[PDB]
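File shown: query_29.pdb. Contents: PDB, C-alpha atoms.
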```
ATOM      1  CA  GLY B   1      19.565-103.053 -17.985
ATOM      2  CA  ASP B   2      16.620-103.619 -20.432
ATOM      3  CA  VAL B   3      13.753-106.274 -20.243
ATOM      4  CA  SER B   4      14.570-108.193 -23.516
ATOM      5  CA  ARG B   5      14.621-111.600 -21.663
ATOM      6  CA  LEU B   6      11.044-110.857 -20.438
ATOM      7  CA  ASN B   7       9.767-109.503 -23.815
ATOM      8  CA  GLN B   8      11.062-112.713 -25.501
ATOM      9  CA  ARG B   9       9.186-114.930 -22.964
ATOM     10  CA  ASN B  10       5.963-112.985 -23.818
ATOM     11  CA  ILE B  11       6.425-113.331 -27.613
ATOM     12  CA  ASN B  12       7.086-117.046 -27.061
ATOM     13  CA  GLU B  13       3.894-117.584 -24.988
ATOM     14  CA  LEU B  14       1.727-115.655 -27.553
ATOM     15  CA  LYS B  15       3.263-117.504 -30.554
ATOM     16  CA  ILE B  16       2.607-120.933 -28.891
ATOM     17  CA  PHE B  17      -1.088-120.151 -28.173
ATOM     18  CA  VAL B  18      -1.694-118.774 -31.748
ATOM     19  CA  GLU B  19      -0.007-121.722 -33.517
ATOM     20  CA  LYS B  20      -1.817-124.292 -31.253
ATOM     21  CA  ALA B  21      -5.184-122.485 -31.881
ATOM     22  CA  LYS B  22      -4.621-121.897 -35.644
ATOM     23  CA  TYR B  23      -7.546-124.210 -36.707
ATOM     24  CA  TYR B  24      -9.999-122.761 -34.119
ATOM     25  CA  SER B  25     -12.080-120.800 -36.705
ATOM     26  CA  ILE B  26     -12.131-123.658 -39.269
ATOM     27  CA  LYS B  27     -13.339-126.048 -36.459
ATOM     28  CA  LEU B  28     -16.170-123.671 -35.431
ATOM     29  CA  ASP B  29     -17.124-123.274 -39.165
ATOM     30  CA  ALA B  30     -17.536-127.103 -39.396
ATOM     31  CA  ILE B  31     -19.922-127.062 -36.344
ATOM     32  CA  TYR B  32     -21.864-124.121 -37.933
ATOM     33  CA  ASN B  33     -22.224-125.902 -41.324
ATOM     34  CA  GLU B  34     -23.529-129.107 -39.743
ATOM     35  CA  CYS B  35     -25.941-127.486 -37.245
ATOM     36  CA  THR B  36     -27.307-124.317 -38.936
ATOM     37  CA  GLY B  37     -30.234-126.112 -40.653
ATOM     38  CA  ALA B  38     -31.052-128.032 -37.450
ATOM     39  CA  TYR B  39     -30.906-124.816 -35.326
ATOM     40  CA  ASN B  40     -33.215-122.892 -37.749
ATOM     41  CA  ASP B  41     -35.674-125.846 -38.032
ATOM     42  CA  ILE B  42     -35.936-125.984 -34.196
ATOM     43  CA  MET B  43     -36.546-122.164 -34.043
ATOM     44  CA  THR B  44     -39.150-122.421 -36.902
ATOM     45  CA  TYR B  45     -41.120-125.607 -36.103
ATOM     46  CA  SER B  46     -41.076-125.095 -32.270
ATOM     47  CA  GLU B  47     -42.281-121.426 -32.428
ATOM     48  CA  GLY B  48     -45.715-123.079 -32.380
ATOM     49  CA  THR B  49     -46.301-126.862 -32.484
ATOM     50  CA  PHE B  50     -48.636-127.267 -35.504
ATOM     51  CA  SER B  51     -46.418-129.270 -35.583
ATOM     52  CA  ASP B  52     -43.610-130.593 -37.917
ATOM     53  CA  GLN B  53     -42.678-132.764 -34.914
ATOM     54  CA  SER B  54     -40.771-135.215 -37.169
ATOM     55  CA  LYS B  55     -38.591-132.265 -38.380
ATOM     56  CA  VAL B  56     -37.844-131.231 -34.757
ATOM     57  CA  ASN B  57     -36.856-134.845 -33.814
ATOM     58  CA  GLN B  58     -34.493-135.008 -36.831
ATOM     59  CA  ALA B  59     -32.989-131.543 -35.972
ATOM     60  CA  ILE B  60     -32.336-132.811 -32.375
ATOM     61  CA  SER B  61     -30.791-136.021 -33.834
ATOM     62  CA  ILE B  62     -28.137-133.843 -35.713
ATOM     63  CA  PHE B  63     -27.051-132.211 -32.361
ATOM     64  CA  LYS B  64     -27.096-135.570 -30.425
ATOM     65  CA  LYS B  65     -25.965-138.382 -32.792
ATOM     66  CA  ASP B  66     -22.828-140.165 -31.403
ATOM     67  CA  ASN B  67     -22.242-137.121 -29.094
ATOM     68  CA  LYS B  68     -20.411-135.721 -32.202
ATOM     69  CA  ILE B  69     -21.356-132.019 -31.773
ATOM     70  CA  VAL B  70     -20.619-132.062 -27.982
ATOM     71  CA  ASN B  71     -17.184-133.650 -28.721
ATOM     72  CA  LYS B  72     -16.454-130.964 -31.404
ATOM     73  CA  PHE B  73     -16.998-128.300 -28.731
ATOM     74  CA  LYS B  74     -14.733-130.260 -26.240
ATOM     75  CA  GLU B  75     -12.032-130.306 -28.973
ATOM     76  CA  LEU B  76     -12.190-126.418 -29.095
ATOM     77  CA  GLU B  77     -12.197-126.336 -25.235
ATOM     78  CA  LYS B  78      -9.052-128.585 -25.175
ATOM     79  CA  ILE B  79      -7.303-126.042 -27.482
ATOM     80  CA  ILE B  80      -7.858-123.153 -24.919
ATOM     81  CA  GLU B  81      -7.676-125.433 -21.796
ATOM     82  CA  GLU B  82      -4.274-124.060 -20.597
ATOM     83  CA  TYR B  83      -5.686-120.490 -20.639
ATOM     84  CA  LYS B  84      -9.364-120.194 -19.508
ATOM     85  CA  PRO B  85      -9.806-123.395 -17.466
ATOM     86  CA  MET B  86     -13.589-123.103 -16.695
ATOM     87  CA  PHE B  87     -14.746-120.608 -19.395
ATOM     88  CA  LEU B  88     -16.669-123.013 -21.693
ATOM     89  CA  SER B  89     -17.013-126.101 -19.504
ATOM     90  CA  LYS B  90     -20.259-125.035 -17.811
ATOM     91  CA  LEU B  91     -21.885-124.118 -21.181
ATOM     92  CA  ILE B  92     -20.776-127.478 -22.704
ATOM     93  CA  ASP B  93     -22.383-129.247 -19.636
ATOM     94  CA  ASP B  94     -25.604-127.171 -20.020
ATOM     95  CA  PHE B  95     -25.911-128.192 -23.722
ATOM     96  CA  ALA B  96     -25.046-131.862 -22.899
ATOM     97  CA  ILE B  97     -27.848-131.807 -20.227
ATOM     98  CA  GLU B  98     -30.494-130.337 -22.636
ATOM     99  CA  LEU B  99     -29.502-133.011 -25.211
ATOM    100  CA  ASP B 100     -29.587-135.756 -22.499
ATOM    101  CA  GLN B 101     -33.160-134.586 -21.485
ATOM    102  CA  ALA B 102     -34.572-134.086 -25.044
ATOM    103  CA  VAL B 103     -36.393-137.475 -25.524
ATOM    104  CA  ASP B 104     -39.348-136.054 -27.528
ATOM    105  CA  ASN B 105     -41.814-134.835 -27.717
ATOM    106  CA  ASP B 106     -41.026-131.560 -25.870
ATOM    107  CA  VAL B 107     -40.682-128.166 -27.698
ATOM    108  CA  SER B 108     -39.537-126.232 -24.650
ATOM    109  CA  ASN B 109     -36.676-128.736 -24.318
ATOM    110  CA  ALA B 110     -36.252-128.539 -28.121
ATOM    111  CA  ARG B 111     -36.052-124.675 -27.896
ATOM    112  CA  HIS B 112     -33.704-125.078 -24.842
ATOM    113  CA  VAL B 113     -31.406-127.272 -26.991
ATOM    114  CA  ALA B 114     -31.330-124.500 -29.689
ATOM    115  CA  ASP B 115     -30.661-121.626 -27.211
ATOM    116  CA  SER B 116     -27.977-123.583 -25.243
ATOM    117  CA  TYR B 117     -26.252-124.332 -28.607
ATOM    118  CA  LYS B 118     -26.323-120.666 -29.804
ATOM    119  CA  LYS B 119     -25.044-119.443 -26.384
ATOM    120  CA  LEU B 120     -22.224-122.088 -26.505
ATOM    121  CA  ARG B 121     -21.273-121.044 -30.123
ATOM    122  CA  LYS B 122     -20.803-117.385 -28.945
ATOM    123  CA  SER B 123     -18.799-118.578 -25.824
ATOM    124  CA  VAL B 124     -16.317-120.524 -27.988
ATOM    125  CA  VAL B 125     -15.542-117.204 -29.804
ATOM    126  CA  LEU B 126     -15.236-115.174 -26.527
ATOM    127  CA  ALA B 127     -12.995-117.982 -25.078
ATOM    128  CA  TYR B 128     -10.327-117.309 -27.778
ATOM    129  CA  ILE B 129     -10.414-113.520 -27.040
ATOM    130  CA  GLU B 130     -10.284-114.185 -23.268
ATOM    131  CA  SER B 131      -7.202-116.401 -23.712
ATOM    132  CA  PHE B 132      -5.389-113.665 -25.699
ATOM    133  CA  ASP B 133      -6.548-111.191 -22.968
ATOM    134  CA  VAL B 134      -4.808-113.318 -20.265
ATOM    135  CA  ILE B 135      -1.659-113.777 -22.419
ATOM    136  CA  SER B 136      -1.391-110.066 -23.405
ATOM    137  CA  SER B 137      -1.854-109.030 -19.700
ATOM    138  CA  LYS B 138       1.450-110.884 -18.904
ATOM    139  CA  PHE B 139       3.294-108.506 -21.321
ATOM    140  CA  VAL B 140       5.824-106.212 -19.555
ATOM    141  CA  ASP B 141       5.524-103.774 -22.475
ATOM    142  CA  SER B 142       2.881-101.216 -21.357
ATOM    143  CA  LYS B 143       2.233 -99.951 -24.979
ATOM    144  CA  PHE B 144       1.415-103.554 -26.078
ATOM    145  CA  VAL B 145      -0.832-104.023 -23.008
ATOM    146  CA  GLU B 146      -2.713-100.732 -23.813
ATOM    147  CA  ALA B 147      -3.026-101.727 -27.518
ATOM    148  CA  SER B 148      -4.242-105.268 -26.423
ATOM    149  CA  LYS B 149      -7.160-103.803 -24.325
ATOM    150  CA  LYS B 150      -8.392-101.833 -27.368
ATOM    151  CA  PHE B 151      -8.162-104.989 -29.561
ATOM    152  CA  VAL B 152     -10.221-107.152 -27.095
ATOM    153  CA  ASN B 153     -12.969-104.474 -26.971
ATOM    154  CA  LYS B 154     -13.236-104.087 -30.742
ATOM    155  CA  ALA B 155     -12.926-107.913 -30.947
ATOM    156  CA  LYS B 156     -15.913-108.273 -28.570
ATOM    157  CA  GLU B 157     -17.974-105.547 -30.406
ATOM    158  CA  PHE B 158     -17.312-107.472 -33.685
ATOM    159  CA  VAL B 159     -18.565-110.747 -31.992
ATOM    160  CA  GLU B 160     -21.941-109.041 -31.179
ATOM    161  CA  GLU B 161     -22.371-108.300 -34.951
ATOM    162  CA  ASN B 162     -21.485-111.921 -36.058
ATOM    163  CA  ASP B 163     -19.598-114.488 -33.889
ATOM    164  CA  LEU B 164     -18.129-116.687 -36.719
ATOM    165  CA  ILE B 165     -17.087-113.781 -39.020
ATOM    166  CA  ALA B 166     -15.507-111.973 -35.986
ATOM    167  CA  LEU B 167     -13.607-115.177 -34.931
ATOM    168  CA  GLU B 168     -12.327-115.696 -38.517
ATOM    169  CA  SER B 169     -10.941-112.084 -38.585
ATOM    170  CA  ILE B 170      -9.410-112.268 -35.059
ATOM    171  CA  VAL B 171      -7.638-115.618 -35.787
ATOM    172  CA  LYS B 172      -6.347-114.513 -39.251
ATOM    173  CA  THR B 173      -5.178-111.057 -37.987
ATOM    174  CA  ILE B 174      -3.403-112.275 -34.775
ATOM    175  CA  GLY B 175      -1.976-115.045 -37.038
ATOM    176  CA  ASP B 176      -0.574-112.475 -39.501
ATOM    177  CA  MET B 177       1.037-110.417 -36.650
ATOM    178  CA  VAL B 178       2.974-113.312 -34.944
ATOM    179  CA  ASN B 179       4.075-114.600 -38.434
ATOM    180  CA  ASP B 180       5.260-111.067 -39.469
ATOM    181  CA  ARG B 181       2.739-110.826 -42.367
ATOM    182  CA  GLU B 182       1.618-107.167 -42.797
ATOM    183  CA  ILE B 183      -2.028-106.768 -41.601
ATOM    184  CA  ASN B 184      -4.419-105.340 -44.214
ATOM    185  CA  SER B 185      -6.564-102.740 -42.400
ATOM    186  CA  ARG B 186      -9.344-102.506 -45.069
ATOM    187  CA  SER B 187     -12.663-104.431 -45.102
ATOM    188  CA  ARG B 188     -14.045-105.319 -48.623
ATOM    189  CA  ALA B 189     -17.272-106.666 -47.019
ATOM    190  CA  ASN B 190     -20.903-105.890 -48.029
ATOM    191  CA  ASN B 191     -22.144-107.055 -44.553
ATOM    192  CA  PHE B 192     -20.427-106.017 -41.235
ATOM    193  CA  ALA B 193     -17.841-103.732 -43.030
ATOM    194  CA  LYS B 194     -17.966-100.969 -40.346
ATOM    195  CA  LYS B 195     -17.259-103.201 -37.281
ATOM    196  CA  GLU B 196     -14.670-105.302 -39.217
ATOM    197  CA  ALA B 197     -12.703-102.078 -40.053
ATOM    198  CA  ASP B 198     -12.953-100.799 -36.439
ATOM    199  CA  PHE B 199     -11.509-104.187 -35.325
ATOM    200  CA  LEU B 200      -8.831-104.116 -38.133
ATOM    201  CA  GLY B 201      -7.832-100.547 -37.008
ATOM    202  CA  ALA B 202      -7.234-101.792 -33.399
ATOM    203  CA  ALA B 203      -5.189-104.684 -34.865
ATOM    204  CA  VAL B 204      -2.961-102.278 -36.899
ATOM    205  CA  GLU B 205      -2.356-100.390 -33.578
ATOM    206  CA  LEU B 206      -1.438-103.724 -31.851
ATOM    207  CA  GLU B 207       0.829-104.736 -34.832
ATOM    208  CA  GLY B 208       2.608-101.360 -34.231
ATOM    209  CA  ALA B 209       3.300-102.115 -30.543
ATOM    210  CA  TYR B 210       4.236-105.771 -31.458
ATOM    211  CA  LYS B 211       6.795-104.675 -34.121
ATOM    212  CA  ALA B 212       8.284-102.069 -31.731
ATOM    213  CA  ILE B 213       8.911-104.989 -29.282
ATOM    214  CA  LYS B 214      10.127-107.359 -32.049
ATOM    215  CA  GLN B 215      12.601-104.780 -33.444
ATOM    216  CA  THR B 216      14.395-104.627 -29.987
ATOM    217  CA  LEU B 217      14.812-108.523 -30.179
TER     218      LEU B 217
END
```

Hey, can you dump this file as structure tokens for me?
Amino acid sequence: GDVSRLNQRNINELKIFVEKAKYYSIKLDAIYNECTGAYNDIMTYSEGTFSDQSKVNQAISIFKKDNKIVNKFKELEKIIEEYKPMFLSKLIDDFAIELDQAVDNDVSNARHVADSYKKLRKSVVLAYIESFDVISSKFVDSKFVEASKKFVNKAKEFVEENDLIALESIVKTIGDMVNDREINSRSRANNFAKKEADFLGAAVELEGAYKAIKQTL
């Protein structure tokens, strides 16, 4: 008759991912807070060696010490491992290699550390969206699948504006939907309000399709 058995399998798969990934944004925030000074010091004091070399060495030490930062990224990778097997792995290797090679003094290497980090930060955000993209694409409900495409696009446009703020919104919003908490569609922001609201509008549309499925189960 109907496809309730299938729709329930889809809700189940989405709910598992979201609950398993619920600390993803907090974990990226902890990387950002530890590394932001070190990133900016590399960008500043490597733009021209004149020199602050001691500052650059110390900045590199924050990214390298006890492989802590690399392992924090691997912890995020392990969260999305089931879903996007090779998304992040190359970019984590690239960073690891730059860190391995940065035995100073070498600004280019120091700038390569900073760029490989920034690129990896943005990938960790896209990885979450890509996982939801793969999950949503297994939905038998065509209205949900259409609403999911619109969400991923607005999600990605939001990432371009600010990767950590975008990831925080995506995680909280998807979280609200699978826990049946009504999504607020308004941004109260002073920075990035336009793109946040575009993203929140696509999430209200998705919440609509999600509820329409849920109400038949």

So which residues get picked by the PyMOL selection byres ((chain B and resi 31) around 10) here, written as an mmCIF file with C-alpha atoms, keeping the file's coordinate frame?
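What ended up in out-v2.cif:
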```cif
data_model
loop_
_atom_site.group_PDB
_atom_site.id
_atom_site.type_symbol
_atom_site.label_atom_id
_atom_site.label_comp_id
_atom_site.auth_asym_id
_atom_site.auth_seq_id
_atom_site.Cartn_x
_atom_site.Cartn_y
_atom_site.Cartn_z
ATOM 1 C CA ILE B 26 -12.131 -123.658 -39.269
ATOM 2 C CA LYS B 27 -13.339 -126.048 -36.459
ATOM 3 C CA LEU B 28 -16.170 -123.671 -35.431
ATOM 4 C CA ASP B 29 -17.124 -123.274 -39.165
ATOM 5 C CA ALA B 30 -17.536 -127.103 -39.396
ATOM 6 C CA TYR B 32 -21.864 -124.121 -37.933
ATOM 7 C CA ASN B 33 -22.224 -125.902 -41.324
ATOM 8 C CA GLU B 34 -23.529 -129.107 -39.743
ATOM 9 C CA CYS B 35 -25.941 -127.486 -37.245
ATOM 10 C CA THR B 36 -27.307 -124.317 -38.936
ATOM 11 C CA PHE B 63 -27.051 -132.211 -32.361
ATOM 12 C CA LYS B 68 -20.411 -135.721 -32.202
ATOM 13 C CA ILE B 69 -21.356 -132.019 -31.773
ATOM 14 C CA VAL B 70 -20.619 -132.062 -27.982
ATOM 15 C CA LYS B 72 -16.454 -130.964 -31.404
ATOM 16 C CA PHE B 73 -16.998 -128.300 -28.731
ATOM 17 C CA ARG B 121 -21.273 -121.044 -30.123
#
```

Checklist line | Evaluate the PyMOL selection byres ((chain B and resi 90-92) around 10) and report residues as a ChimeraX atom specification | finding: /B:70-71,73-74,77,86-89,93-97,116-117,119-121,123-124

Checklist line | Residues within 12 Å of range 137-150 of chain B, only C-alpha atoms, excluding chain neighbours under 6 positions, as a count of residues only | finding: 37

Check: When you draw a straight line from CA of residue 126 in chain B to CA of residue 155 in chain B, how long is it in Å?
Finding: 8.8 Å

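The interatomic distance for the pair CA of residue 183 in chain B and CA of residue 166 in chain B works out to 15.5 Å.
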
Next item on the list: With the file shown as input, list the residues that the PyMOL selection byres ((chain B and resi 104-115) around 7) selects, as a PyMOL selection string.
Entry: chain B and resi 39+42-43+46+57+95+98-99+102-103+116-119

Take the selection from the previous step and output its residues with C-alpha atoms, as a tab-separated table (two decimals), in the frame of the given file.
```
chain	number	residue	atom	x	y	z
B	39	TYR	CA	-30.91	-124.82	-35.33
B	42	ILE	CA	-35.94	-125.98	-34.20
B	43	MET	CA	-36.55	-122.16	-34.04
B	46	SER	CA	-41.08	-125.10	-32.27
B	57	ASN	CA	-36.86	-134.84	-33.81
B	95	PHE	CA	-25.91	-128.19	-23.72
B	98	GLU	CA	-30.49	-130.34	-22.64
B	99	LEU	CA	-29.50	-133.01	-25.21
B	102	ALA	CA	-34.57	-134.09	-25.04
B	103	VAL	CA	-36.39	-137.48	-25.52
B	116	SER	CA	-27.98	-123.58	-25.24
B	117	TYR	CA	-26.25	-124.33	-28.61
B	118	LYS	CA	-26.32	-120.67	-29.80
B	119	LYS	CA	-25.04	-119.44	-26.38
```

If you count all atoms listed in the file, which residues fall within 12 Å of residue 21 in chain B, apart from same-chain ones fewer than 6 positions away, as a short mmCIF file (atom, residue, chain, number, x, y, z; two decimals) with C-alpha atoms, keeping the file's coordinate frame?
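Result file follows (out.cif):
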```
data_model
loop_
_atom_site.label_atom_id
_atom_site.label_comp_id
_atom_site.auth_asym_id
_atom_site.auth_seq_id
_atom_site.Cartn_x
_atom_site.Cartn_y
_atom_site.Cartn_z
CA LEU B 14 1.73 -115.66 -27.55
CA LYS B 15 3.26 -117.50 -30.55
CA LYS B 27 -13.34 -126.05 -36.46
CA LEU B 28 -16.17 -123.67 -35.43
CA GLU B 75 -12.03 -130.31 -28.97
CA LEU B 76 -12.19 -126.42 -29.10
CA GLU B 77 -12.20 -126.34 -25.24
CA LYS B 78 -9.05 -128.58 -25.18
CA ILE B 79 -7.30 -126.04 -27.48
CA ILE B 80 -7.86 -123.15 -24.92
CA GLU B 81 -7.68 -125.43 -21.80
CA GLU B 82 -4.27 -124.06 -20.60
CA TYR B 83 -5.69 -120.49 -20.64
CA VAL B 124 -16.32 -120.52 -27.99
CA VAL B 125 -15.54 -117.20 -29.80
CA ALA B 127 -13.00 -117.98 -25.08
CA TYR B 128 -10.33 -117.31 -27.78
CA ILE B 129 -10.41 -113.52 -27.04
CA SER B 131 -7.20 -116.40 -23.71
CA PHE B 132 -5.39 -113.66 -25.70
CA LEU B 167 -13.61 -115.18 -34.93
CA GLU B 168 -12.33 -115.70 -38.52
CA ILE B 170 -9.41 -112.27 -35.06
CA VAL B 171 -7.64 -115.62 -35.79
CA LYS B 172 -6.35 -114.51 -39.25
CA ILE B 174 -3.40 -112.28 -34.78
CA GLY B 175 -1.98 -115.04 -37.04
#
```

Next item on the list: Using CA of residue 217 in chain B and CA of residue 1 in chain B as the two end points, give the distance in Å to one decimal.
Entry: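 A separation of 14.2 Å between them.
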
Next item on the list: Between B:178, B:152, B:159, B:197, single out the one closest to residue 16 in chain B, counting all atoms listed in the file.
Entry: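 Ranking B:178, B:152, B:159, B:197 by distance to residue 16 in chain B, first place goes to B:178.
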
Next item on the list: Using all atoms listed in the file, find the one residue out of B:158, B:177, B:215, B:41 that sits nearest to residue 196 in chain B.
Entry: B:158
